[PDB]
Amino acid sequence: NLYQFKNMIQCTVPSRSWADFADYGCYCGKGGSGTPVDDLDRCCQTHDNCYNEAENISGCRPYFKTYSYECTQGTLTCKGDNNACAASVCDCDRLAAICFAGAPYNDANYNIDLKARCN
């Protein structure tokens, strides 16, 4: 669920608050369209596409589905006690959190004008 995703990010990128990723580029956050603006935005596009896939699973609501995961000692793990939906969503979030940590953050790309720049 989104609370868990926030915590994955807080755990893989403790140097930056999480709100830093909540409205970035064309894909991080509410946004979902256009040319990704940089590598971090690409991490968000993959994440967004991963959620759209998970939504194909019956009753599967990625923002809301509570899954089972752990973050400690630098490692994030989706646990084996996850159903198909939980496992899929947990995987999307884990991959995105890892991606976020490896991607440069560009202050210029925070809170861009989606309507004009993401067609």
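A residue's number is simply how far along the shown sequence it sits, counting from 1.
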In the PDB record, does 70-78 or 47-55 carry the higher mean Cα temperature factor? 70-78
Looking only at CA atoms, which has the higher mean B factor in the entry: 100-108 or 11-19? 11-19
Residue 65: which third of its chain by C-alpha temperature factor? lowest
Could you tell me which third, lowest, middle or highest, the C-alpha B-factor of residue 94 occupies within its chain? lowest
Third of the chain, ranked by Cα B-factor, where residue 35 sits: highest
